[PDB]
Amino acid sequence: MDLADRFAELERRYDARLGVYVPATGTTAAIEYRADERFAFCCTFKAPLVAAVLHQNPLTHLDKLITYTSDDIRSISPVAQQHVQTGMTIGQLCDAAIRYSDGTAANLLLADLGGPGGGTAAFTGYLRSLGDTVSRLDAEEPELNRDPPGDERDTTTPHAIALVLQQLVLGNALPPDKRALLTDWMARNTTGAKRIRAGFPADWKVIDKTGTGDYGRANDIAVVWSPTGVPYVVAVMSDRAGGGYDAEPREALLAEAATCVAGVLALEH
C-alpha cells in the first residue's frame, strides 16, 4: 500500500473526486493526487483576491470606507449584511472575505481591483502575474459555485492554487507588512476547523481558506508549520458530482486527506 491507494479509498468511501497537492520541500517530495485536474475555486479564491488588493495599494487604503446597498447583496454575506447601511472599510472587507467567506465582501474587493465589469478578469490577471497560467475566474459570488463538473470556468487545480499560496505566504509576492495581514486573517479564519486543521496535530500552526459549492464541492487551502517552524502548503479539493447539483459536501473527507498528509510530513526517519 502507498499514499495513492489510501486516497483512492477515501474517494470510494465518500463517493467523491479528491485533489491533493503539497509542494516539494528540501526534506520532502511533493504529495499529489489528481493535482492537475480542475476543481472549482469556490471561496478559496478570496485569499489571493485579498493579496491582489494588498499588493496594488498602500496600507492606508485598508482604511478606505466602501459604501454599498442591498442591491449588492446576492450571496451569503454574514458580515456585509450587518453593515449595508453604514459601509465597510477595505480592511474590513478583506477580513470578512477571508474569515467568514463573505460573498459581498469578495464581490466588492473584485470591484476595487478591476472596476464594476472588470473584477474577475483582474483577479485572474493577478494570478497570471504570479505565473499561474492555469486558473481562471469568470463569475462573481454566488454564480462561481454553480458551473457543472468539467466546465473550465471558475476553476483552479490543487497544484496551481498551492503554488500561488506558497508565493503569497512563504515567498516574496507581498512585502512582510502586507504578508502579515494576509497571514493573520487566514490564521483567524472561522470556517476551516473541520477541514485541514482537523487533520493536523494541535502543535502545528495552520492558516487556511475554505470553499464550498454545488455538486458537493468542498475545498481547503492552508499553510502549515511544524512545531519547529518548518512550513508546508496543503491544498485539498473535492467534489461529489454523483449526487447532482445538491450533493452534500463532506468536510470529513478533507480532514481525512489532511490527516494522510500530516502523517507523511510529521512521521520521521
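Numbering starts at 1 and runs along the sequence shown.
Two stretches are in play, 211-219 and 240-248, and the higher mean C-alpha B-factor belongs to 240-248. Legend: mean Cα B-factor per stretch from the PDB entry, 23-31 versus 51-59; the higher mean is in 23-31. Taking only the listed residues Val164, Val134, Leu170, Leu93, the entry reports the highest CA temperature factor at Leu170.
For the set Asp112, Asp102, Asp177, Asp138, the PDB entry puts the maximum C-alpha B factor at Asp177. Ranked within its chain, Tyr68 lands in the highest third, by CA B factor from the PDB record. Ranked against the other modelled residues of its chain, the C-alpha B-factor of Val261 as given in the entry falls in the highest third. Ranked by C-alpha B-factor against the other modelled residues of its chain, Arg146 falls in the highest third. Per the deposited record, the Cα B-factor of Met186 falls in the middle third when ranked against the other modelled residues of its chain.
When all modelled residues of the chain are sorted by CA temperature factor, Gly192 is found within the middle third.
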